[PDB]
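One structure is given here, and the rest of the page talks about it.
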Amino acid sequence: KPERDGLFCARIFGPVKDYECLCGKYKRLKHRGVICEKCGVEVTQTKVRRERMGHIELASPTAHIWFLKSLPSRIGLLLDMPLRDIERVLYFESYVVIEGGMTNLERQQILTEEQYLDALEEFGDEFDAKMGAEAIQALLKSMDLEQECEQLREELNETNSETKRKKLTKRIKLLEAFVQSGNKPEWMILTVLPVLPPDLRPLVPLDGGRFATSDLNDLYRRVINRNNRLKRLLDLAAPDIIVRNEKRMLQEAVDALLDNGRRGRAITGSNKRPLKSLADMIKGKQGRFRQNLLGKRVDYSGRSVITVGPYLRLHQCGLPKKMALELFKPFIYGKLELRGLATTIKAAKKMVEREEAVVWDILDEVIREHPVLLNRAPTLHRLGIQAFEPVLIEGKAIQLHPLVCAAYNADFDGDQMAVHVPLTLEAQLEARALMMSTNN
Amino acid sequence: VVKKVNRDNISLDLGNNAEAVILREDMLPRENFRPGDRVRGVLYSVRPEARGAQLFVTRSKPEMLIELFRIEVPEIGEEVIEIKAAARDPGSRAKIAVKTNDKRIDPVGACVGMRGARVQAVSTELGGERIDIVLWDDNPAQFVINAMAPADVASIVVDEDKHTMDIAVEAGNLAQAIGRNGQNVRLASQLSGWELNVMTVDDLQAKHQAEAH
Amino acid sequence: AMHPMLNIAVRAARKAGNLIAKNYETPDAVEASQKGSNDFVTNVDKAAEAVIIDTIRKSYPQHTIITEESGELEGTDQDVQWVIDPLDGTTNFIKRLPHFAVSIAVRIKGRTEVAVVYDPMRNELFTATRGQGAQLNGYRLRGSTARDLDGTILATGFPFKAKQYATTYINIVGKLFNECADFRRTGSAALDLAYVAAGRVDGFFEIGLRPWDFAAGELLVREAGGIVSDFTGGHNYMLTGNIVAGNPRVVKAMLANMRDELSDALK
Amino acid sequence: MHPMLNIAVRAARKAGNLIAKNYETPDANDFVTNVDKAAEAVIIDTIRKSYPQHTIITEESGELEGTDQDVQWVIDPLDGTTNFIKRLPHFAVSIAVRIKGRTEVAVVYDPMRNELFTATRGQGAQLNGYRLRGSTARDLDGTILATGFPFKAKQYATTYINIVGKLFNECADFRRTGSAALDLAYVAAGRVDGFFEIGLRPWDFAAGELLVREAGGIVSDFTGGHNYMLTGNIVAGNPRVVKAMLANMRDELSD
Amino acid sequence: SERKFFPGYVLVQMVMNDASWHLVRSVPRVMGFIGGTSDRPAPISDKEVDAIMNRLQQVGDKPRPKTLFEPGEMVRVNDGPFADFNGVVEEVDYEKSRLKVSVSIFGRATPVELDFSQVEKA
Amino acid sequence: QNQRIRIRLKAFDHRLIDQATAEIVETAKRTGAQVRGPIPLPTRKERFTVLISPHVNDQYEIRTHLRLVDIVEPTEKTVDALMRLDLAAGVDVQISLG
RNA sequence: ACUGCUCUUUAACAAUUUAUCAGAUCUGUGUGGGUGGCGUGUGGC
DNA sequence: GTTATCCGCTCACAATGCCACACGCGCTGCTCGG
Ligand SMILES: [Mg+2]
Ligand SMILES: [Mg+2]
Ligand SMILES: [Mg+2]
Ligand SMILES: [Zn+2]
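So the protein lines, in turn, are chains Y, A, S, T, G and E.
All the letters of the first sequence, read from the start, carry residue numbers 50 to 489 under the deposited numbering.
All the letters of the second sequence, read from the start, carry residue numbers 141 to 353 under the deposited numbering.
All the letters of the third sequence, read from the start, carry residue numbers 0 to 266 under the deposited numbering.
All the letters of the fourth sequence, read from the start, carry residue numbers 1 to 28, 37 to 263 under the deposited numbering.
All the letters of the fifth sequence, read from the start, carry residue numbers 60 to 181 under the deposited numbering.
All the letters of the sixth sequence, read from the start, carry residue numbers 2 to 58, 63 to 103 under the deposited numbering.
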């Protein structure tokens with residue numbers, strides 16, 4: 050069961066069993082919407098656990114690893130501060146004076162230990178040298194956007210050479226784009242970290258209780274553990290250097306969660322390999338873009354090995370009885386329901402399971418003109434996918450005309466080919482009109 | 141304890157899965173409830189054969205106050221102070237008239253308790269209900285005189301065939317004697333069960349003798 | 000489970016609301032007296048405030064309390080505050096208009112942690128605790144999922160205490176009536192905030208509200224998906240008393256629309 | 001006055017029961041109109057069984073006649089529909105029975121709070137056994153205005169805004185629960201001092217206007233005339249505040 | 060049960076010399092120092108020193124039961140006489156440690172003195 | 002099980018207190034619990050007050070009659086019948102187990 | 001050994017200012033509900 | 001000297017598609033436990 054107020058808690062995200070309370074009190078659709086009181090979960094569709102998100106009230110502000118280490122660093126250009134010093138002040142190994150008080154300290158100047166403590170001796174107030182993430186947050190929130198924007202604007206028509214003018218026009222472009230949009234620079238430093246919906250990082254089980262811990266849960270556990278420990282330390286009188294190092298560690302963990310790339314690695318236990326961060330779930334050949342969004346796996350198709358079959362006409366193509374009977378199954382169910390040969394859908398499933406002597410006539414009927422798509426594994430150019438009319442054959446091979454197999458750049462060395470069935474009427478007619486072999 | 145509230149009823153639990161229902165008329169019109177509260181009432185109806193819920197508890201029917209006094213008043217429950225009758229107006233105002241067999245008993249000084257403690261406790265348990273303890277006499281005229289307390293009537297004209305009683309208060313006390321919605325009167329007309337009449341104590345009610353002199 | 004201080008607060012609010020309902024059905028027992036502009040304050044306010052203070056001190060004899068009447072009763076501790084309004088919309092309870100509520104919220108280190116409002120006439124109980132959300136009689140609260148200023152309903156309040164902004168205010172409303180569908184006006188800030196968090200109205204805004212008239216509702220609308228702000232997008236609304244609240248889209252649209260109509264005194 | 005009112009009350013009872021029943025299917037623009045039609049239809053059944061001679065007048069069905077065209081039934085099965093669309097519980101059913109070119113029977117029933125106001129011409133308007141004695145205000149000092157923004161008459165938008173601006177400069181505060189019929193019932197029962205709205209319709213205020221007039225109040229148009237029946241421009245309340253409101257609102261009108 | 064003021068850290072009273080620096084770092088399993096820039100440590104200030112010293116004194120004087128209960132939270136009962144009841148902690152106590160708890164006994168709520176061992180979750 | 006279920010009883014009334022203590026020991030006997038002495042401790046005065054509209058320039066004194074019941078054999082019937090049979094208001098029932 | 005010596009006949013009350021004439025419903029259980037994520041390697045084309 | 005200029009220094013960031021198969025997937029001494 051999801052531990053209460055945890056990375057899968059039902060109270061925060063949603064009920065596990067469909068339309069059923071966690072504690073087990075409510076169990077019927079008669080209560081769609083109410084929350085229980087033994088465990089306090091809103092009894093609705095389990096699907097919602099795919100949607101609801103969580104948040105973590107970070108015990109202290111922390112930088113966002115993207116806007117810090119994505120050349121050119123957004124914060125750097127937004128503050129006219131070299132990235133090295135910004136990194137040295139984020140990770141608690143420097144200081145930064147803000148507001149530039151009576152002392153001869155500039156609002157952007159940094160400090161190390163001895164300079165900081167010496168100025169502290171020389172100035173007990175009017176001199177605020179803060180260090181760490183929240184220091185940068187205050188530095189941002191104190192900065193006036195359009196003021197410095199128009200300052201650099203009036204300044205750019207004054208100076209030379211064009212290298213300074215180039216960097217400065219880049220910066221004023223950044224500031225203008227910023228103030229134009231509704232964004233506010235202090236948002237660039239996270240204060241409340243949103244945690245992905247649970248279902249999208251599912252703890253997948255094994256045959257027993259060896260649940261495969263998806264690395265996202267590992268990173269989140271690390272971060273929330275740092276946060277809890279840091280809050281507990283903040284409550285116990287806060288030994289200064291201790292809390293300093295702890296905020297540094299928490300910053301590191303959050304950076305690793307947003308991106309395991311920079312700042313070393315965050316390797317899992319005894320498995321010498323980095324953990325899939327959030328960015329690692331988006332970039333690359335396995336990121337959602339090139340893996341699920343741009344090209345997505347199709348449920349309504351099949352593949353086989355291609356023989357020659359040199360008898361079929363130029364638009365026809367062989368098709369094994371097994372593959373057609375597996376593909377066109379819904380069409381077969383529809384035809385059986387039409388002729389009434391099986392009143393219920395489950396009866397039709399049974400009939401297809403037994404392959405009565407009528408199902409073959411039905412199948413032969415349902416594809417008499419229904420086109421089909423054949424595809425080669427490397428689809429270099431447009432002809433890599435063509436449309437044919439299937440003809441039922443035996444065996445398991447996929448016959449195809451020799452001419453188009455010279456077009457597919459397809460030999461018969463065992464090269465495999467994938468099949469696809471356009472199911473909507475638009476797609477059928479489209480394949481017949483556009484990608485049928487007698488067109489290309 | 142309760143489980144669920146509706147616009148027409150609420151569902152109660154009595155432990156050991158003992159489930160009851162309370163209808164809308166059984167409840168006070170303004171008694172706010174919430175899953176978890178420990179409500180009390182009187183088990184007025186049962187249906188050991190109904191297709192659904194079977195135990196019926198109420199708080200509005202007049203026997204509720206009888207039972208409340210019975211659990212409060214140690215005199216009652218041993219019938220040393222027999223509860224004669226009681227009329228109600230749910231949650232708003234309920235008059236009650238009792239008798240007593242013992243002579244040294246002060247029903248006004250006992251059933252009320254000490255400086256208004258017993259009847260006050262019953263009221264605050266009932267959820268803000270005005271209560272009027274009064275002595276039951278065995279004469280309908282004097283009884284209804286007692287009923288509209290606080291009041292004072294100097295022209296009691298009874299007619300037993302018509303079930304009518306002209307019981308008219310002193311001129312000026314009317315706004316208090318009748319009371320809002322005629323509650324003090326509405327309950328009286330129910331306590332004795334007679335179609336009363338409270339108009340005028342010193343004029344235009346004695347047509348015969350009045351117009352005579 | 001249930002947040003502890005939330006349980007104490009909801010019990011206290013329940014008792015106060017029962018007393019309120021008791022005083023309601025008697026248009027005789029109310030003995031009010033005028034204190035501000037076009038509004039009275041009744042003895043019922045004092046009675047309910049007394050009940051709330053006593054019930055709180057029963058299980059918390061040291062917490063600081065805040066109220067429109069008693070100002071700030073500084074308990075022996077000063078990090079746990081209880082902002083209380085024993086009545087929101089006393090004007091309505093004067094005329095016995097059955098739309099009002101009791102409001103109780105708890106501030107920890109300045110941050111509101113638990114909050115409840117209670118409408119005894121419909122027996123509605125808006126609870127809300129930080130990091131766990133807001134509930135209406137046992138149902139979650141997500142606020143209106145509207146995505147623009149079209150077809151929306153806008154709850155508001157007229158500044159009967161600061162009528163100078165009225166003209167400006169009027170213009171604002173006028174401008175808003177160009178786009179939104181209809182307005183709502185109940186004379187009860189807490190219930191307006193609740194309805195916003197309830198998804199009953201798709202946005203609320205008011206000029207010059209009292210601190211203890213939103214400190215309970217603001218956590219409701221927060222944990223019900225909505226956001227709150229001043230009329231310039233900042234967080235100073237707790238001091239100016241100038242509030243806008245609702246789901247992020249409608250709040251952004253309202254702020255964009257009002258950026259011009261507003262006056263510099265408010266910003 | 002007894003049988004007509006009893007029939008109308010039973011009709012409003014059935015309507016409110018069905019409305020509250022259907023109020024428990026949470027969903028997040038059409039099914040509201042569906043349950044509207046259903047309540048209207050069961051109302052129609054109540055009209056057909058008891059007194060099949062009278063004629064019905066609804067915002068939805070227009071006017072459906074029988075034989076007795078002298079008895080019109082003006083039944084709005086829902087006022088402030090948008091509230092029920094948004095689950096905001098402020099809505100009621102408004103039954104009216106006009107006889108001889110004049111309203112005679114009026115009922116407004118909120119099923120949520122169970123508010124059942126009845127009204128017969130002459131003998132007055134009761135509520136649950138109580139008599140609505142209007143408002144006690146003699147002017148626009150500290151008063152409340154059951155104000156209604158014309159979300160269907162956007163042509164008079166700016167005029168109405170200037171009017172309510174002058175008012176709020178003079179008056180104290182407004183209220184708007186988005187239910188014309190209930191607004192009229194409330195200003196009738198002294199719960200809000202004065203009322204005024206722009207561009208209304210007969211099926212909306214048909215009962216509320218009588219509820220108000222029977223409560224020691226008046227109902228008129230923005231020019232003191234009596235064409236507010238169809239011009240949709242209504243101001244109502246006890247005569248003192250209505251006079252005090254018209255005297256301020258006349259000089260910025262357009263009709 | 061044993062807790063720590065702050066885990067992962069250890070406190071020493073060393074001095075500042077590179078030899079002693081290594082001697083601290085040349086031990087079986089430690090990360091670097093915790094302070095100023097690496098290779099130039101910084102001392103935990105004397106104020107924090109006496110603060111943690113007072114904390115240590117307080118925890119060494121009085122072994123005290125933590126994991127307390129907060130006034131106004133519902134809780135079950137594991138008591139013998141009152142098994143499988145549940146009530147709200149009406150008033151908490153520490154030295155007496157007996158949890159004044161309101162619970163439904165003979166109808167109306169009643170306060171009881173159910174001791175810590177007879178208190179369930181929260 | 003464990004023994005000391007000790008019931009204190011503040012009160013401002015007299016006859017209902019005798020009735021309550023009597024029915025309490027009655028229930029204890031209907032259970033079998035070794036009911037200890039009710040032991041009516043010495044009555045305690047209390048100067049009360051009237052926090053309402055006062056006089057012009063009264064529940065002022067009262068006598069709290071106390072009861073000290075004890076149940077030290079709480080089997081099922083004791084707590085069952087006790088939580089079943091409610092007791093009238095006006096009396097305080099602060100009990101202890103320890 | 002050396003305070004103690006009748007006090008005089010069981011409770012001492014709350015409800016309370018327009019308005020009244022007391023003024024449709026106790027039916028179910030038809031129906032469904034009741035291996036995989038990643039990494040790596042290997043090959044193939 | 002300084003101000004702008006430029007050139008080597010270091011780091012981020014990409015590596016065809018499919019298919020199939022295989023294998024594996026923390027731990028560990030501290031902590032909860034009798
Ligand atoms: Mg090949
Ligand atoms: Mg207030
Ligand atoms: Mg309508
Ligand atoms: Zn549950």
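No residue lacks a Cβ here, since even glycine has one placed at the ideal position from N, Cα and C.
*Would you list the one or two residues that DSSP bridges to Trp81/S?*
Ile64/S, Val105/S
*asked:* Cβ closer than 9 angstroms: which chain A residues qualify as neighbours of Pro119/S?
replied: Residues of chain A with a Cβ closer than 9 angstroms to the Cβ of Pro119/S are, in chain order, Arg170, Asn172.
*For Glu219/A, return the contacting residues in chain E, with the cut-off set at a CB-CB distance below 8 angstroms.*
Identification of chain E residues near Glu219/A by a Cβ-Cβ cut-off of 8 angstroms yields none; the smallest Cβ-Cβ distance measures about 14 angstroms.
*asked:* Can you check whether the C-beta of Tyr138/S is within less than 9 angstroms of a C-beta belonging to chain Y?
replied: yes
_DSSP beta-bridge partners of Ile159/Y_ = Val145/Y
_Start-to-end residues for the beta strand (DSSP E) that takes in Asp118/T_ = 111-118
*asked:* Given 8 angstroms as the limit, tell me if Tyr138/S has its C-beta closer than that to any heavy atom belonging to ligand 4.
replied: Because no heavy atom of ligand 4 lies under 8 angstroms away, the Cβ of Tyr138/S does not count as near it: no.
*Within 8 angstroms: the Cβ of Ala456/Y and any heavy atom of ligand 1?*
With a cut-off of 8 angstroms, the C-beta of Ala456/Y is classified as distant from ligand 1, since no heavy atom of the ligand falls inside that distance.
_Residue of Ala101/G, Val69/G, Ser97/G, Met75/G minimising C-alpha distance to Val86/G_ = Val69/G
*Are there three or more Cβ pairs, one per stretch, closer than 8 angstroms when the stretch 53-67 of chain T is compared with the stretch 75-85 of chain T?*
A contact exists between the stretch 53-67 of chain T and the stretch 75-85 of chain T.
*asked:* Shorter than 8 angstroms, the distance from the beta carbon of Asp267/Y to the closest heavy atom of ligand 1, or not?
replied: no
*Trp276/A in three-state terms, based on DSSP*: Coil at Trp276/A, not helix or strand.
*Should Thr28/E be counted as a contact of ligand 2 given a C-beta to heavy atom distance under 8 angstroms?*
Flag unset: Cβ of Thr28/E not near ligand 2.
*Tell me, please, whether the CB atom of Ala197/S is closer than 9 angstroms to any CB atom in chain T?*
yes
*Are the stretch 217-224 of chain A and the stretch 243-255 of chain A in contact at 8 angstroms, needing three or more beta carbon pairs?*
yes
*DSSP-derived helix/strand/coil call for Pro234/Y*: helix
*Where does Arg352/Y sit, in a helix, a strand or coil, going by DSSP?*
strand
*Backbone CA spacing between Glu132/G and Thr22/E [nearest angstrom]*: 32 angstroms
_Which residues DSSP lists as bridging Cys179/S, in chain order_ = Beta-bridge pairing links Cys179/S to no other residue.
*Using a C-beta cutoff of 9 angstroms, does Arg147/A count as contacting chain T?*
yes
_Residue ranges of each beta strand (DSSP E) within the stretch 417-481 of chain Y, 3 or longer_ = 421-425, 434-442, 465-469
*asked:* Just checking: is the beta-carbon of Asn156/A within a distance shorter than 9 angstroms of some beta-carbon in chain T?
replied: no
*asked:* Beta-carbon within less than 8 angstroms of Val341/A's beta-carbon, same chain only, minus the 5 sequence neighbours each way: which residues are those?
replied: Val293, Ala294, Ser295, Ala308, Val309, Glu310, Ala311
*chain S contacts made by the stretch 66-91 of chain Y, where a contact means CB separation under 8 angstroms*: Of all residues in the stretch 66-91 of chain Y, the ones placed with a Cβ closer than 8 angstroms to any Cβ belonging to chain S are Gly82, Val83, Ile84, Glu86, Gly89, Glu91, in chain order.
*With distances taken Cα to Cα, identify the nearest neighbour of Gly156/T among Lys174/S, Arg184/S, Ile171/S, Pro119/S.*
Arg184/S
*asked:* Between the alpha carbons of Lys118/Y and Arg311/Y, how many angstroms are there, rounded?
replied: 8 angstroms
*Do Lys74/Y and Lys66/Y come within 9 angstroms of each other at the CB atom, strictly closer than that value?*
no
*How about the stretch 439-458 of chain Y and the stretch 351-366 of chain Y: do they share at least three Cβ pairs that are nearer than 8 angstroms?*
yes
*asked:* Using a Cβ-Cβ distance cut-off of 9 angstroms, determine whether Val26/E contacts chain G.
replied: Chain G, which has no Cβ nearer than 9 angstroms to the Cβ of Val26/E, makes this no.
*Beta-carbon neighbours of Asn321/A, restricted to chain T and to distances below 8 angstroms*: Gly137, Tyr138
*asked:* List, in chain order, every chain G residue whose beta-carbon is nearer than 7 angstroms to that of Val84/E.
replied: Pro140, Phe141
_Quick check: does the Cβ of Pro85/T come within less than 8 angstroms of any heavy atom belonging to ligand 3?_
Result yes, Cβ under 8 angstroms from ligand 3.
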